[PDB]
$ cat start-v9.pdb   # PDB, C-alpha atoms
ATOM      1  CA  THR A 166      -7.362 -18.202  12.455  1.00  0.00           C
ATOM      2  CA  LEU A 167      -6.251 -14.604  11.946  1.00  0.00           C
ATOM      3  CA  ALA A 168      -2.806 -15.683  10.735  1.00  0.00           C
ATOM      4  CA  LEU A 169      -4.326 -18.164   8.279  1.00  0.00           C
ATOM      5  CA  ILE A 170      -6.674 -15.503   6.891  1.00  0.00           C
ATOM      6  CA  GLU A 171      -3.788 -13.063   6.439  1.00  0.00           C
ATOM      7  CA  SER A 172      -1.676 -15.718   4.709  1.00  0.00           C
ATOM      8  CA  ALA A 173      -4.547 -16.615   2.374  1.00  0.00           C
ATOM      9  CA  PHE A 174      -5.127 -12.945   1.545  1.00  0.00           C
ATOM     10  CA  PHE A 175      -1.424 -12.437   0.817  1.00  0.00           C
ATOM     11  CA  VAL A 176      -1.355 -15.529  -1.408  1.00  0.00           C
ATOM     12  CA  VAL A 177      -4.440 -14.332  -3.294  1.00  0.00           C
ATOM     13  CA  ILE A 178      -2.917 -10.872  -3.772  1.00  0.00           C
ATOM     14  CA  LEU A 179       0.342 -12.374  -5.043  1.00  0.00           C
ATOM     15  CA  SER A 180      -1.522 -14.644  -7.466  1.00  0.00           C
ATOM     16  CA  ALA A 181      -3.590 -11.717  -8.752  1.00  0.00           C
ATOM     17  CA  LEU A 182      -0.456  -9.613  -9.252  1.00  0.00           C
ATOM     18  CA  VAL A 183       1.264 -12.469 -11.098  1.00  0.00           C
ATOM     19  CA  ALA A 184      -1.770 -12.949 -13.346  1.00  0.00           C
ATOM     20  CA  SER A 185      -1.946  -9.216 -14.083  1.00  0.00           C
ATOM     21  CA  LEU A 186       1.761  -9.129 -14.944  1.00  0.00           C
ATOM     22  CA  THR A 187       1.480 -12.194 -17.192  1.00  0.00           C
ATOM     23  CA  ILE A 188      -1.896 -11.275 -18.743  1.00  0.00           C
ATOM     24  CA  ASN A 189      -2.396  -7.825 -20.268  1.00  0.00           C
ATOM     25  CA  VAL A 190      -6.203  -8.064 -20.053  1.00  0.00           C
ATOM     26  CA  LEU A 191      -6.173  -6.747 -16.482  1.00  0.00           C
ATOM     27  CA  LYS A 192      -3.828  -3.900 -17.441  1.00  0.00           C
ATOM     28  CA  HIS A 193      -6.460  -2.691 -19.931  1.00  0.00           C
ATOM     29  CA  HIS A 194      -8.528  -1.397 -16.978  1.00  0.00           C
ATOM     30  CA  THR A 195      -7.552   1.667 -14.943  1.00  0.00           C
ATOM     31  CA  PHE A 196      -9.074   3.245 -11.835  1.00  0.00           C
ATOM     32  CA  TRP A 197      -8.875   6.930 -10.877  1.00  0.00           C
ATOM     33  CA  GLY A 198      -6.514   7.551 -13.781  1.00  0.00           C
ATOM     34  CA  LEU A 199      -4.081   4.855 -12.613  1.00  0.00           C
ATOM     35  CA  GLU A 200      -3.351   1.396 -13.973  1.00  0.00           C
ATOM     36  CA  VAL A 201      -5.164  -1.460 -12.250  1.00  0.00           C
ATOM     37  CA  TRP A 202      -1.914  -3.414 -11.900  1.00  0.00           C
ATOM     38  CA  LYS A 203      -0.313  -0.605  -9.885  1.00  0.00           C
ATOM     39  CA  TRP A 204      -3.269  -0.441  -7.489  1.00  0.00           C
ATOM     40  CA  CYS A 205      -3.287  -4.228  -7.102  1.00  0.00           C
ATOM     41  CA  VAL A 206       0.453  -4.261  -6.376  1.00  0.00           C
ATOM     42  CA  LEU A 207       0.054  -1.465  -3.825  1.00  0.00           C
ATOM     43  CA  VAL A 208      -2.809  -3.280  -2.081  1.00  0.00           C
ATOM     44  CA  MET A 209      -0.867  -6.553  -2.012  1.00  0.00           C
ATOM     45  CA  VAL A 210       2.187  -4.790  -0.579  1.00  0.00           C
ATOM     46  CA  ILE A 211       0.048  -3.077   2.063  1.00  0.00           C
ATOM     47  CA  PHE A 212      -1.615  -6.341   3.106  1.00  0.00           C
ATOM     48  CA  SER A 213       1.559  -8.488   2.994  1.00  0.00           C
ATOM     49  CA  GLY A 214       4.154  -6.117   4.462  1.00  0.00           C
ATOM     50  CA  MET A 215       3.328  -7.246   7.992  1.00  0.00           C
ATOM     51  CA  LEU A 216       3.929 -10.892   7.079  1.00  0.00           C
ATOM     52  CA  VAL A 217       7.108 -10.047   5.157  1.00  0.00           C
ATOM     53  CA  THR A 218       8.495  -8.052   8.088  1.00  0.00           C
ATOM     54  CA  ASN A 219       7.572 -10.813  10.543  1.00  0.00           C
ATOM     55  CA  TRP A 220       9.381 -13.383   8.394  1.00  0.00           C
ATOM     56  CA  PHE A 221      12.422 -11.108   8.115  1.00  0.00           C
ATOM     57  CA  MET A 222      12.490 -10.590  11.888  1.00  0.00           C
ATOM     58  CA  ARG A 223      12.205 -14.339  12.487  1.00  0.00           C
ATOM     59  CA  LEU A 224      15.077 -14.997  10.074  1.00  0.00           C
ATOM     60  CA  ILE A 225      17.200 -12.313  11.753  1.00  0.00           C
ATOM     61  CA  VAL A 226      16.497 -13.795  15.191  1.00  0.00           C
ATOM     62  CA  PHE A 227      17.386 -17.284  13.957  1.00  0.00           C
ATOM     63  CA  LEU A 228      20.644 -16.009  12.453  1.00  0.00           C
ATOM     64  CA  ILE A 229      21.508 -14.163  15.674  1.00  0.00           C
ATOM     65  CA  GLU A 230      20.854 -17.282  17.756  1.00  0.00           C
ATOM     66  CA  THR A 231      23.202 -19.317  15.553  1.00  0.00           C
ATOM     67  CA  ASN A 232      25.794 -16.539  15.857  1.00  0.00           C
ATOM     68  CA  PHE A 233      28.493 -16.750  18.516  1.00  0.00           C
ATOM     69  CA  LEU A 234      27.187 -13.551  20.131  1.00  0.00           C
ATOM     70  CA  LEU A 235      25.567 -14.279  23.496  1.00  0.00           C
ATOM     71  CA  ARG A 236      25.539 -10.915  25.303  1.00  0.00           C
ATOM     72  CA  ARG A 237      22.511 -10.604  27.574  1.00  0.00           C
ATOM     73  CA  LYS A 238      22.137  -6.868  26.928  1.00  0.00           C
ATOM     74  CA  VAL A 239      22.103  -7.315  23.144  1.00  0.00           C
ATOM     75  CA  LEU A 240      19.520 -10.102  23.368  1.00  0.00           C
ATOM     76  CA  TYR A 241      17.310  -8.032  25.676  1.00  0.00           C
ATOM     77  CA  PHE A 242      17.549  -5.019  23.360  1.00  0.00           C
ATOM     78  CA  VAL A 243      16.655  -7.143  20.329  1.00  0.00           C
ATOM     79  CA  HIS A 244      13.699  -8.729  22.124  1.00  0.00           C
ATOM     80  CA  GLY A 245      12.420  -5.337  23.260  1.00  0.00           C
ATOM     81  CA  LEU A 246      12.857  -3.574  19.914  1.00  0.00           C
ATOM     82  CA  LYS A 247      11.763  -6.413  17.602  1.00  0.00           C
TER      83      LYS A 247
END
$ encode --input "start-v9.pdb" --output "structure tokens"
Amino acid sequence: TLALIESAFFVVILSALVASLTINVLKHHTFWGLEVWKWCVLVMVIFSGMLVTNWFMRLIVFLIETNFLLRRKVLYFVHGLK
């Protein structure tokens, strides 16, 4: 539910940013003295940073699990500080 909504919002933001980069029509509009593309990119980054960080943490955990390291203290620290 919540995860699906966040993923859909991130996908929509990415598609809008790609369209703005490819099409200069959107760039012709500016808000508060700033280009619309910059604001769209900032909003997309704000709304997708959580998902990006979660994916990065999952990848790091997967890499650590495949690694030969098996110390209990290191695993506990990683789990606590993730």
$ closest_residue --input "start-v9.pdb" --among "A:247, A:238, A:212, A:176" --to "residue A:225" --atoms "all atoms listed in the file"
A:247
$ atom_distance --input "start-v9.pdb" --atom1 "atom CA of residue A:208" --atom2 "atom CA of residue A:169"
18.2 Å
$ atom_distance --input "start-v9.pdb" --atom1 "atom CA of residue A:242" --atom2 "atom CA of residue A:224"
16.8 Å
$ closest_residue --input "start-v9.pdb" --among "A:197, A:203, A:232, A:222" --to "residue A:246" --atoms "all atoms listed in the file"
A:222
$ residues_around --input "start-v9.pdb" --residues "residue A:213" --least-positions-apart "5" --cutoff "10 Å" --atoms "all atoms listed in the file" --output "PDB file with C-alpha atoms, in the frame of the given file"
ATOM      1  CA  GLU A 171      -3.788 -13.063   6.439  1.00  0.00           C
ATOM      2  CA  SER A 172      -1.676 -15.718   4.709  1.00  0.00           C
ATOM      3  CA  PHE A 174      -5.127 -12.945   1.545  1.00  0.00           C
ATOM      4  CA  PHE A 175      -1.424 -12.437   0.817  1.00  0.00           C
ATOM      5  CA  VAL A 176      -1.355 -15.529  -1.408  1.00  0.00           C
ATOM      6  CA  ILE A 178      -2.917 -10.872  -3.772  1.00  0.00           C
ATOM      7  CA  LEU A 179       0.342 -12.374  -5.043  1.00  0.00           C
ATOM      8  CA  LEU A 207       0.054  -1.465  -3.825  1.00  0.00           C
ATOM      9  CA  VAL A 208      -2.809  -3.280  -2.081  1.00  0.00           C
ATOM     10  CA  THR A 218       8.495  -8.052   8.088  1.00  0.00           C
ATOM     11  CA  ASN A 219       7.572 -10.813  10.543  1.00  0.00           C
TER      12      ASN A 219
END
$ atom_distance --input "start-v9.pdb" --atom1 "atom CA of residue A:192" --atom2 "atom CA of residue A:170"
27.1 Å
$ decode --input "start-v9.pdb" --residues "stretch 184-229 of chain A" --atoms "C-alpha atoms" --output "mmCIF file, in the first residue's frame"
data_model
loop_
_atom_site.group_PDB
_atom_site.id
_atom_site.type_symbol
_atom_site.label_atom_id
_atom_site.label_comp_id
_atom_site.auth_asym_id
_atom_site.auth_seq_id
_atom_site.Cartn_x
_atom_site.Cartn_y
_atom_site.Cartn_z
ATOM 1 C CA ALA A 184 10.477 14.420 -20.171
ATOM 2 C CA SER A 185 11.628 17.851 -18.986
ATOM 3 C CA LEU A 186 15.242 17.027 -19.849
ATOM 4 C CA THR A 187 14.291 15.699 -23.293
ATOM 5 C CA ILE A 188 11.643 18.356 -24.056
ATOM 6 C CA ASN A 189 12.507 22.043 -23.682
ATOM 7 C CA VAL A 190 8.838 23.082 -23.453
ATOM 8 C CA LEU A 191 8.805 22.461 -19.697
ATOM 9 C CA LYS A 192 12.056 24.396 -19.244
ATOM 10 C CA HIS A 193 10.328 27.468 -20.715
ATOM 11 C CA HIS A 194 8.409 27.854 -17.423
ATOM 12 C CA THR A 195 10.040 29.038 -14.195
ATOM 13 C CA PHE A 196 8.703 29.390 -10.652
ATOM 14 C CA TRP A 197 9.956 31.855 -8.027
ATOM 15 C CA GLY A 198 12.766 32.896 -10.355
ATOM 16 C CA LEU A 199 14.005 29.310 -10.753
ATOM 17 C CA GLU A 200 13.749 26.891 -13.657
ATOM 18 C CA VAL A 201 10.888 24.402 -13.471
ATOM 19 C CA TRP A 202 13.245 21.516 -14.255
ATOM 20 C CA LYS A 203 15.381 22.284 -11.195
ATOM 21 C CA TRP A 204 12.340 22.327 -8.902
ATOM 22 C CA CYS A 205 11.038 19.083 -10.410
ATOM 23 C CA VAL A 206 14.428 17.404 -9.949
ATOM 24 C CA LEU A 207 14.614 18.610 -6.345
ATOM 25 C CA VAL A 208 11.106 17.324 -5.589
ATOM 26 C CA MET A 209 11.848 13.960 -7.207
ATOM 27 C CA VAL A 210 15.084 13.644 -5.225
ATOM 28 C CA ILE A 211 13.277 14.540 -1.996
ATOM 29 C CA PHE A 212 10.516 11.989 -2.609
ATOM 30 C CA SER A 213 12.803 9.190 -3.886
ATOM 31 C CA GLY A 214 15.801 9.511 -1.558
ATOM 32 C CA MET A 215 14.177 7.228 1.004
ATOM 33 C CA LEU A 216 13.679 4.492 -1.595
ATOM 34 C CA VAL A 217 17.191 4.966 -2.992
ATOM 35 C CA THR A 218 18.737 4.718 0.479
ATOM 36 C CA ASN A 219 16.638 1.652 1.312
ATOM 37 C CA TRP A 220 17.789 -0.055 -1.891
ATOM 38 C CA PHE A 221 21.413 0.854 -1.151
ATOM 39 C CA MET A 222 21.128 -0.523 2.389
ATOM 40 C CA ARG A 223 19.560 -3.742 1.094
ATOM 41 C CA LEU A 224 22.364 -4.148 -1.450
ATOM 42 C CA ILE A 225 24.993 -3.506 1.233
ATOM 43 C CA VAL A 226 23.382 -6.076 3.538
ATOM 44 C CA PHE A 227 23.249 -8.634 0.724
ATOM 45 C CA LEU A 228 26.918 -8.036 -0.102
ATOM 46 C CA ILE A 229 27.884 -8.358 3.571
#
